[PDB]
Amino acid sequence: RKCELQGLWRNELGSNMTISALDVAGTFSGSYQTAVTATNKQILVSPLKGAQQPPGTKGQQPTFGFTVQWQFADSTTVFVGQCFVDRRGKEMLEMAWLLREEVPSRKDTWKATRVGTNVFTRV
């Protein structure tokens, strides 16, 4: 089915992710291979956990989000988004994300969160 989250996706940065089938409650797992890191550590495949809303009846794909638990950094990213299918059946996940760094003190919390967007296409 078009825009099913399950499967292999790639974003404009060259990152890849695999999403599992959805459980009955719309929960899913997956793995994320980022192309880029703000750290200087070697990148390792990392697990993700999320949930997607059940589909409506208006020809629109439901919203979803997940958390990436990076295996090589102390940071955590969450992504939230919605899939779209164009005229030609090409699927795209439009996503926004927040990347949270682990900071030394509460006084540094103001600087801890970066934000961005990604677009994923089906591999």
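Note that residue numbering follows the sequence shown and begins at 1.
Query raised in the report: Averaging C-alpha B-factors over each stretch, which comes out higher, 20 to 28 or 96 to 104?
Result: Result of the comparison: 20 to 28.
Query - Segment of higher mean CA temperature factor, 4 to 12 or 112 to 120 - result: Stretch with the greater average CA B-factor: 4 to 12.
Query raised in the report: Quick one: which of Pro47, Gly50, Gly56, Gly81 has the biggest Cα B-factor according to the entry?
Result: That would be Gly56.
Query - Options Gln60, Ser75, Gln71, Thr67 - largest CA temperature factor per the record - result: It is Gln60.
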